[PDB]
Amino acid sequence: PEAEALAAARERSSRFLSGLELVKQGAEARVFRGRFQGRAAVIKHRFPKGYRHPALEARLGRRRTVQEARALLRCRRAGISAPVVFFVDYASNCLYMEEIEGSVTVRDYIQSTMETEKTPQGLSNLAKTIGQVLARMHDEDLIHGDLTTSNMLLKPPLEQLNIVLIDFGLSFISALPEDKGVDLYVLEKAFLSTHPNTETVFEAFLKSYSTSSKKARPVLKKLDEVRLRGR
């Protein structure tokens, strides 16, 4: 790749990204929002930090971006609701995807539902639905890699419990029940230290997961293993 050409693509992509509404400046990536040929879009830029070997740095941005692109395709084909991929710029490591307009993360719905209800029992229907989504996801052998409540959105109308998974930079394919239980254990940890006193709700998700996945029994046994081993 001609150096001058590549650098031009990079400065073209940041010129565009500048000016956009910054949505989240995260650890490894910036998320902006805007329009892409007429559609509402979110752009995830895995920016280089300069604090490391630029070869290692670019390799990392690239692999994350390729992992997410590949997973988002595999989700769509397998009936697992996640954002549509518009365009992936590999010269800069930017993922252009459909914005889930008006979405709320599942974390925010949980915290706002436990400050008015004062009880987690109103969350059970949420729990059941998430069991269905992750069930189908795991049954096509897709591991999310970072199941948290911030990586699930709720698509308006919020109360219908329409879940959209996001952040697939660490996703991958595996039929290994241990890998699936690790996926669930990452979620359980996430619950533990984000939404206190939600243990009832994780078990509710687990029951519905058990019911909607017929490959669940080995997964849950390995999850007990992972809980014990802690890894």
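Numbers follow the displayed sequence, beginning with 1. So that the term is clear: the rigid core is the largest set of C-alpha atoms that superpose within 1.5 Å between two forms.
- A fit on the rigid core, followed by a root mean square over CA positions in 4 other deposited structures of this protein, ranks 22-30 against 59-67 and picks 22-30 as the more shifted one.
- With 178-186 and 48-56 as candidates, the stretch whose CA atoms show the greater average offset from this form in 4 other deposited structures of this protein after a core fit is 48-56.
- Two stretches are in play, 183-191 and 44-52, and the higher mean C-alpha B-factor belongs to 44-52.
- Taking the mean C-alpha B-factor of each stretch as recorded, 30-38 and 202-210 are not equal, and the higher mean is that of 202-210.
- The PDB entry assigns its highest CA temperature factor, among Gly145, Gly131, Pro83, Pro120, to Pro120.
- The PDB entry assigns its highest CA temperature factor, among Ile100, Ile110, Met97, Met152, to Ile110.
- Among all modelled residues in this chain, the alpha-carbon of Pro196 has a temperature factor (C-alpha) in the highest third.
- For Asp89, the recorded CA B-factor ranks within the lowest third of the chain. Only modelled residues enter the ranking.
- Per the deposited record, the Cα B-factor of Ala58 falls in the highest third when ranked against the other modelled residues of its chain.
- In the deposited entry, the Cα temperature factor of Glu178 places it in the highest third of its chain's modelled residues.
- In the PDB entry, a CA B factor belonging to the middle third of its chain's modelled residues is recorded for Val104.
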